[PDB]
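In structure tokens, the next block holds one chain alone, the form solved without the RNA.
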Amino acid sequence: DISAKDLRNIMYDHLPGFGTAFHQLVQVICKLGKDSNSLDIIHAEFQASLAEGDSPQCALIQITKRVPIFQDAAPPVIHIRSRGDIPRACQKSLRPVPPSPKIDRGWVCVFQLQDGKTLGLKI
């Protein structure tokens, strides 16, 4: 069976740049997919979207809209020490956390900083 690491690497293979918000979205998709035994359907949706001619970015967003574990789901909370732990290419995508963020509305994750600060990653 495909593993979370395998799928992460497969998805990364299609993305430009490094440590971008889409890379973090792959991390989130793979974590939540692993936790709900859904990596196979996620991989299949990813490949099908690519096969129809969608960009890999569009394919990842479509996974957040078409795979049921992400539908109306809140972004996962990831504990980090400070803003510096977040990759450079993600920094401009960090935003104040809104009232009810949802993964399928583009809120990838919420970083909970050691000093109590909180930042959402937005696509």
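Numbering starts at 1 and follows the sequence shown. If you superpose the two forms and keep the largest set of C-alpha atoms that fall within 1.5 Å, you have the rigid core.
Across the superposed structures in 5 other deposited structures of this protein, aligned by the core, the stretch whose Cα atoms lie more distant on average is 110 to 118, chosen from 18 to 26 and 110 to 118. Where the structures in 5 other deposited structures of this protein are fitted on the rigid core, 79 to 87 is the one of 79 to 87 and 59 to 67 whose C-alphas sit farther from the shown form on average.
The mean Cα B-factor in the deposited entry runs higher for 94 to 102 than for the other of 40 to 48 and 94 to 102.
Checked against the record, the higher mean CA B factor of 24 to 32 and 63 to 71 lies with 63 to 71. Per the PDB record, residue ranking by Cα B-factor puts residue 7 in the middle third of the chain. Residue-level temperature factors show residue 82 in the highest third of its chain, judged at the C-alpha atom.
For residue 110, the recorded CA B-factor ranks within the middle third of the chain. Only modelled residues enter the ranking.
There is also a form solved in complex with the RNA; it is not shown, and the following applies to it.
Each of 58, 62 and 95 places at least one heavy atom within 4.5 Å of the RNA in the bound PDB entry. Residue contact check for residue 111: none of its heavy atoms lie within 4.5 Å of the RNA in the bound PDB entry.
Proximity of residue 123 to the RNA in the bound PDB entry: non-hydrogen atoms within 4.5 Å are present. Remark: residue 34 does not count among the residues lining the RNA in the bound PDB entry, judged by a heavy atom distance of 4.5 Å or less.
Put simply, residue 43 is far from the RNA in the bound PDB entry: not one heavy atom of it is within 4.5 Å. In the bound PDB entry, 22 is the single residue of 2 to 38 with at least one heavy atom within 4.5 Å of the RNA.
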